[PDB]
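Here the protein sequences line up with chains H, G, C, D, B and A, keeping their order. 2 is the number of the first residue of the first sequence in the entry's author numbering; add one for each residue after it. 2 is the number of the first residue of the second sequence in the entry's author numbering; add one for each residue after it. 2 is the number of the first residue of the third sequence in the entry's author numbering; add one for each residue after it. 2 is the number of the first residue of the fourth sequence in the entry's author numbering; add one for each residue after it. 2 is the number of the first residue of the fifth sequence in the entry's author numbering; add one for each residue after it. 2 is the number of the first residue of the sixth sequence in the entry's author numbering; add one for each residue after it. All residues carry an ideal CB built from backbone N, CA and C; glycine is no exception. So the structure is just underneath, and the comments pick up after that.
There are 6 protein chains.
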Amino acid sequence: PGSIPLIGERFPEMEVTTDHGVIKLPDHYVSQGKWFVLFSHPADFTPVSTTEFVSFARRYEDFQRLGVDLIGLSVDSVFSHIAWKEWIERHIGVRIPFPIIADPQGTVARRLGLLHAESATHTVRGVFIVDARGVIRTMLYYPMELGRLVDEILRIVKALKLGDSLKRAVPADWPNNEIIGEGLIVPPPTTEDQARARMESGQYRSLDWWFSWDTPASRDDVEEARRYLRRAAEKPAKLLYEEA
Amino acid sequence: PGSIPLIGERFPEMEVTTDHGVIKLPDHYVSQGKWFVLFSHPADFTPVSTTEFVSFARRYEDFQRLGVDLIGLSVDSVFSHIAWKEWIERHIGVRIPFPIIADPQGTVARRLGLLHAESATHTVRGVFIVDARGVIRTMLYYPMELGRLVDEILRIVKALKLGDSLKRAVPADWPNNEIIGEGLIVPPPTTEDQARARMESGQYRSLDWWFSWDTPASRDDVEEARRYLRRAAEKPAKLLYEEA
Amino acid sequence: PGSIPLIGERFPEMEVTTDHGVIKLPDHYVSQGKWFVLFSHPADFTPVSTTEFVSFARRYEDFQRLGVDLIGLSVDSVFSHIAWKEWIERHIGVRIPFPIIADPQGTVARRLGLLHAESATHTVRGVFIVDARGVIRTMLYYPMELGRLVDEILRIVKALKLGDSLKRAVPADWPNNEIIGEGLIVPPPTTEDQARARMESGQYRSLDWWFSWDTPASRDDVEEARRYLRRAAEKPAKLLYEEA
Amino acid sequence: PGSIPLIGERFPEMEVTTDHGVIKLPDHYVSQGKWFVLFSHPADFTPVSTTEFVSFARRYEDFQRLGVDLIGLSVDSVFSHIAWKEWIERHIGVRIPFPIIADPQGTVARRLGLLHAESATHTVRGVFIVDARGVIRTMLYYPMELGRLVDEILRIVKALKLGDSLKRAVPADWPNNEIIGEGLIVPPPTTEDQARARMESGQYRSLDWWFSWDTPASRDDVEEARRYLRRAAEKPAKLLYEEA
Amino acid sequence: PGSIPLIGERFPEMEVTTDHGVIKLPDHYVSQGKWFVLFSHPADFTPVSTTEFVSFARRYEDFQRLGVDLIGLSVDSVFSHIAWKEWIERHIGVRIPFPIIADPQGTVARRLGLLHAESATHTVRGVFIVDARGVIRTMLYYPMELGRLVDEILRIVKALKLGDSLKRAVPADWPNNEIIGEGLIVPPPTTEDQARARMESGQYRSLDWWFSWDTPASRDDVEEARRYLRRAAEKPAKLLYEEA
Amino acid sequence: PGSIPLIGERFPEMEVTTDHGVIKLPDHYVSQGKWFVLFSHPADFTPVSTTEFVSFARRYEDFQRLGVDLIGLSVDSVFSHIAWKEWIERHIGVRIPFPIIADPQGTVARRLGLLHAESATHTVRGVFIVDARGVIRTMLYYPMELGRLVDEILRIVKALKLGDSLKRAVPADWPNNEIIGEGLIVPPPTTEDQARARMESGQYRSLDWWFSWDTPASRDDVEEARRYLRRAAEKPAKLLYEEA
């Protein structure tokens with residue numbers, strides 16, 4: 002095994018060097034009232050990492066629209082990072098606009114538990130989604146061999162943000178859940194007094210005292226969510242390789 | 002601040018009580034040469050959890066076609082599990098065909114590190130993807146308030162199996178990656194002599210020494226993957242609560 | 002091979018989650034000047050436990066008349082508890098008015114020694130009778146396979162209360178003792194004086210120095226108690242399965 | 002707190018001195034295929050204990066009818082045991098047919114956890130129901146100041162034996178349960194499949210997959226049980242104080 | 002071996018439960034100005050002990066006349082002590098005036114070294130003769146099998162009181178000594194001047210320097226003693242067995 | 002605060018210097034099949050000790066007839082023992098037949114706990130009565146100031162020897178007990194079977210279950226016993242001082 006920070010803990014305090022200069026996590030993001038997705042990759046100048054970083058750049062304004070910043074992690078140098086970014090701009094025509102953490106001896110890696118058994122020296126494809134309070138809201142561990150579905154990360158942070166906003170719980174596959182479509186869920190009641198009270202109010206739709214829901218999501222909220230998935234699903238019109 | 006087993010490690014050898022009887026992990030699945038997805042949820046008779054089991058159930062057929070068995074996990078007794086399975090069948094019309102671990106003391110949860118600081122007692126929405134060799138291939142930790150995208154887990158397993166058999170890495174957002182679409186990446190070369198040999202071989206497409214792909218996935222394997230993501234994106238015709 | 006709190010000891014301080022919310026034992030019931038009977042059962046949605054919970058419910062008023070609150074305890078979740086109470090409301094037409102502690106990591110079970118060699122995960126049929134001072138006055142440990150006789154818990158609480166207020170001890174089988182029927186016993190002399198003085202006063206009936214009694218219980222007290230045992234003893238008029 | 006033996010363990014191995022001789026527990030009873038009730042009491046030449054010993058005495062033939070021996074426990078000298086047995090036979094005309102353990106150094110008291118906070122020198126009113134395999138089946142800790150209800154102890158072994166004999170769980174207040182009367186519960190299913198094999202079968206009366214019962218006990222078996230409770234209920238016609 | 006209090010040591014400080022209620026040894030008898038005789042015995046309702054307590058009772062006046070209180074001791078409950086005194090009065094017609102300590106743990110027994118090799122649980126026939134100042138003056142240990150000669154116990158206290166008050170030593174078998182009859186001995190001189198001065202004064206009878214004596218006891222003091230030994234020697238008038 | 006040998010322990014092994022030569026205790030005496038009576042005394046050339054040795058001396062034949070040798074004990078030299086013995090022979094005209102131990106370093110004093118708070122140098126007036134199996138049967142500790150009653154030591158050995166051979170216990174003040182005179186007590190029964198078999202047999206006279214006796218002592222044994230106490234009681238005809 003190996004240690005990781007846990008959902009509901011504040012992200013570990015740490016000063017990191019990135020290719021945008023030094024930043025203290027998670028405060029930098031907290032102080033701007035912003036979320037950050039931090040995401041690790043094994044090595045600059047490798048192809049899946051490239052496809053991955055292009056995906057994240059291609060959706061930068063989708064993440065800016067939600068008040069979420071991006072930050073890569075990798076044990077390559079700051080000089081390695083800027084030359085890789087220069088490659089991608091040159092050979093693919095994409096500026097990579099967000100900073101990348103440099104971590105040469107593996108300190109930040111070790112701290113976030115990003116060294117698994119594939120490799121003693123290269124991080125896995127780890128994802129830490131953090132809220133404006135500086136709290137880890139979700140963690141994904143993808144291997145070396147498999148690139149992430151960046152659109153699922155978007156659905157997470159939108160869904161989470163509606164949840165806290167609307168005091169609600171998000172069903173499976175939202176906003177295309179097969180039971181209650183784009184319905185958000187009301188936290189199950191923890192006493193019999195709330196159970197009965199809630200039922201009597203008919204302020205909600207109900208399958209039973211625990212499963213109560215409604216559609217407080219704005220039309221645009223739901224479309225923002227559904228675009229994320231339409232895009233994930235859509236075969237690409239042109240490929241960025243046919244202009245390189 | 003929490004211990005977990007790691008990508009590349011054997012799934013911890015344990016015996017567990019399920020509402021289908023006692024089974025050894027990962028032994029039970031290795032014997033049959035099946036992969037398995039093990040997912041946790043905080044309690045029976047909660048609503049986000051109910052959506053997840055129904056999602057997993059509607060896709061059971063899909064998982065079975067890949068050779069993936071499913072197994073749930075929570076701290077509730079077997080007697081809750083079967084009473085919650087019964088409730089779902091009478092209210093939503095869906096039989097849940099896969100076993101659910103019962104872990105009333107939190108033994109299995111502490112061993113897989115599914116007790117995050119959202120709860121001392123209730124498991125978070127963990128996902129372990131284990132191959133037929135009994136090795137953890139991917140781990141997802143969603144929280145209490147957010148249901149999972151079950152179609153992403155299908156993509157993950159499909160991609161990972163494809164990667165293994167074709168001896169390839171899988172680009173971001175496959176099979177709809179913006180650079181090489183449904184192409185699979187040749188693992189990056191680890192010497193310049195190799196890199197040069199590869200370019201001269203002529204037999205891959207290449208953006209550079211370290212970025213070669215081809216399209217070795219069958220037409221069918223790709224449309225299977227593409228269906229997963231499209232189902233995820235579609236707004237459903239019939240909601241399941243309606244015909245209660 | 003197990004530790005338990007002892008008769009004469011204050012019930013141990015603990016905050017507990019119940020399906021009526023968080024409460025501190027024994028402080029919650031001491032506050033109100035009330036006795037309480039905490040009782041435990043293996044698991045929700047199990048038949049014997051169900052029969053027991055009905056039987057306690059049907060005697061709720063008998064217990065309220067005595068100033069006795071009831072509280073349940075299992076390792077099932079608050080969401081299992083309410084789902085069950087509801088099953089009982091709808092299948093049997095009986096509403097469980099008293100709270101049930103949920104205790105999903107076995108903290109309370111372990112603290113009260115309610116885990117015995119029949120099961121490591123599920124609690125035996127323990128009964129704790131605590132007076133209004135917060136003191137443990139009786140303990141019953143029944144097993145999985147055998148339901149309790151609730152009327153005996155009624156008899157136990159009633160007699161103890163009489164005993165307390167009347168400064169009297171209570172013969173076997175009270176108030177149907179073959180030697181003194183509904184009599185109550187003078188605590189035996191602890192000296193020769195007390196013995197020869199008592200026998201000289203005609204305050205009491207006697208068989209010897211140490212066996213002295215009187216009949217100080219109101220005919221109401223004694224009918225309350227005999228009413229309990231008569232119910233225990235009577236083949237029931239109609240079953241609750243019959244009008245389901 | 003203080004340590005006790007637990008339901009489902011072998012009765013601790015011990016050689017005890019009784020007023021019938023030295024015997025080994027549980028071997029003496031086991032080797033005769035007999036169950037035993039070991040019950041304790043603070044002191045000889047005290048009135049409540051006296052009501053209790055007379056209470057077991059009048060029920061000796063009903064215990065023998067069930068295959069059950071009795072044995073007492075007190076820190077008094079085997080000399081006190083006989084004098085006190087004499088007194089009772091003299092001044093009440095009842096002979097106490099069964100042994101009483103002498104425990105002058107409270108060795109057996111301490112091994113059985115029968116010295117509570119009440120008295121450090123005198124045992125509480127403990128009851129260990131031990132079966133034909135020397136396995137503890139039930140424990141009951143009554144205080145100094147409250148006689149036991151010996152017929153509940155008859156109801157317990159009667160029910161345990163029926164449950165053993167017929168492979169059944171005994172409902173609350175059996176054989177007069179408000180729900181199924183004299184019915185005996187089929188232990189609930191532990192898997193989704195066993196659960197459905199039960200219902201489709203139609204072999205038993207059911208409220209749901211977990212709540213299944215039949216009437217396997219004989220009419221003599223049920224009358225025996227009832228007789229016990231009716232004896233508890235029925236007001237005594239003659240008191241034994243009337244013929245000192 | 003075993004530990005005992007020593008002749009010349011202040012009686013150990015202790016609070017005892019007795020059948021006349023709690024008292025504090027030796028201060029209880031010190032503050033009253035009285036000597037006391039503590040005597041252990043094995044067990045209540047045994048015959049030797051019975052004979053000894055009657056012998057003590059039948060001499061209670063002789064002892065009170067001398068300013069000496071009796072107190073027994075044995076491991077039995079206060080409750081046996083009362084029943085045993087009651088039997089002695091009903092069957093033999095003597096009532097036991099003096100207290101009997103209850104030592105049901107063996108605390109006083111261990112603390113006075115009265116648990117000897119014959120029995121781990123029952124006390125031997127110990128005797129402590131404690132003076133006005135609360136000092137142990139003499140100690141006798143008789144076994145289980147041999148009742149004491151109580152008139153020797155009276156001789157001892159009488160002889161000590163004359164010794165103490167008259168400033169003298171008491172010869173062998175006083176007051177019937179082969180050599181000096183009722184005479185009391187002048188403590189041997191400890192110097193030359195003292196031995197000279199003694200011989201020359203003829204203040205005493207003397208066989209030599211060290212052996213000197215006079216007769217300074219009153220006729221009462223001597224007759225009171227001779228009478229103790231007379232009682233011991235004289236076969237009894239009428240036996241207390243031919244009346245009950 | 003003193004270690005001593007116990008009733009029921011073998012007298013301790015030791016090689017000792019006496020004025021009849023060196024002897025191994027208790028082996029020297031267990032060899033001859035003879036009991037023995039060890040009596041320490043403060044110091045040679047002191048008056049009480051002399052009167053006590055004269056007394057022991059005058060009873061030498063009474064002791065020999067019983068099968069019982071004597072050994073005195075004292076921290077003075079062999080040479081003081083002989084010089085003192087000679088003084089007695091000259092001045093009182095009694096030869097001391099029995100040996101006396103010399104203990105100048107107080108080893109034997111120490112080893113038998115005869116060094117009490119009266120004096121840390123001079124042993125008190127202890128009496129060890131040892132049987133032919135070399136086992137301590139009785140102990141008496143007297144002080145400096147109080148000479149022993151040697152007739153009681155004779156009564157003890159006679160009574161003890163009788164009780165051993167006859168398999169009886171000895172009442173108080175035997176052979177002149179106020180209840181049963183010269184009777185000897187059947188040791189009390191330990192079972193209920195034994196107790197009532199006794200009552201109906203009429204093998205013995207009985208006050209109750211536990212109290213039975215008979216007169217199995219020969220006329221000679223009783224007179225021997227009763228002439229011991231006669232002597233104690235009787236005012237001596239001629240004192241031995243008168244002819245010095």
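query                                                                                                                         : result
Residues that residue 45(A) bridges to, as DSSP identifies them                                                               : Partner(s): none; residue 45(A) has no beta bridge.
Neighbour-count burial assignment, residue 145(B), 16 or more Cβ in a 10 Å radius                                             : buried
Interface partners of residue 190(C) on chain B, CB under 8 Å                                                                 : 83
8 Å Cβ cut-off: residues of chain C touching residue 210(H)                                                                   : 83, 87
DSSP-derived helix/strand/coil call for residue 126(B)                                                                        : strand
Identity of the residues DSSP links to residue 206(A) by a beta bridge                                                        : 214(A)
Nonlocal neighbours in the same chain, by C-beta distance under 7 Å from residue 17(H), ignoring five residues either side    : 24, 26, 102, 109
Three CB pairs or more closer than 8 Å across the segment 59–72 of chain D and the segment 165–177 of chain D                 : no
Helix, strand or coil at residue 281(G) according to DSSP, with G and I counted as helix                                      : Missing from the structure shown is residue 281(G); chain G here goes from 2 to 245 and no further.
Cα-Cα separation, residue 38(A) to residue 111(A)                                                                             : 18 Å
Secondary structure of residue 64(H), DSSP reduced to three states                                                            : helix
Inter-stretch contact (C-beta, 8 Å, three-pair minimum) for the segment 200–219 of chain B and the segment 196–212 of chain A : no
Segment contact, 8 Å Cβ cut-off, at least three pairs: the segment 30–50 of chain G with the segment 124–132 of chain G       : yes
Best match in 85(A), 206(A), 31(A) for proximity to residue 132(A) [C-alpha to C-alpha]                                       : 31(A)
For residue 159(C), three-class secondary structure by DSSP                                                                   : helix
Against chain B: residues of the segment 173–206 of chain C by CB proximity under 8 Å                                         : 189, 190, 191, 192, 193, 194, 196
Contact between the segment 48–61 of chain B and the segment 168–178 of chain A (3+ Cβ pairs under 8 Å)                       : yes
Proximity test, Cβ basis, 9 Å: residue 22(D) and chain A                                                                      : yes
Proximal residues of chain G, C-beta to C-beta of residue 123(C) below 8 Å                                                    : 78, 105
Buried versus exposed call for residue 219(B) [16 or more other C-beta atoms within 10 Å across all chains shown]             : exposed
Buried or exposed (CB count within 10 angstroms, at least 16 for buried), residue 84(C)                                       : buried
Classification of residue 138(G) by the beta-carbon crowding that lies within 10 angstroms, buried from 16 upward             : buried
Residue closest to residue 46(A), alpha-carbon to alpha-carbon, out of 76(A), 63(A), 214(A)                                   : 76(A)
Given residue 228(C) as reference, the closest of 182(C), 188(C), 96(C), 156(C) once Cα atoms are compared                    : 156(C)
Three CB pairs or more closer than 8 Å across the segment 113–121 of chain D and the segment 5–17 of chain D                  : yes
Any non-hydrogen atom of the ligand ADP closer than 8 Å to residue 11(B) Cβ                                                   : The ligand ADP is not part of this structure, which contains no ligands at all.
Partner residues on chain A for residue 109(B), Cβ-Cβ distance less than 8 Å                                                  : Here the premise fails: no neighbours, minimum Cβ distance about 16 Å.
Residue 153(A) vs residue 233(A) beta-carbon contact at 9 Å                                                                   : yes
Pairwise C-alpha distance: residue 105(A) and residue 74(A)                                                                   : 10 Å
Residue environment, residue 141(C), which counts as buried when at least 16 other CB atoms sit within 10 Å                   : buried
The beta strand (DSSP E) enclosing residue 138(B), as first and last residue numbers                                          : 137–143
Short CB-CB distance (under 9 Å) between residue 18(C) and chain H                                                            : yes
Residues, ordered as in the chain, of the segment 144–172 of chain D that lie near chain C by beta-carbon distance below 9 Å  : 144, 145, 146, 147, 148, 149, 150, 151, 152, 153, 156, 157, 160, 161, 164, 165, 169, 170, 171, 172
Residue 86(H) to residue 97(H) span [Cα, whole Å]                                                                             : 6 Å
Residue 208(G) versus residue 180(H): straight-line alpha-carbon distance, rounded                                            : 45 Å
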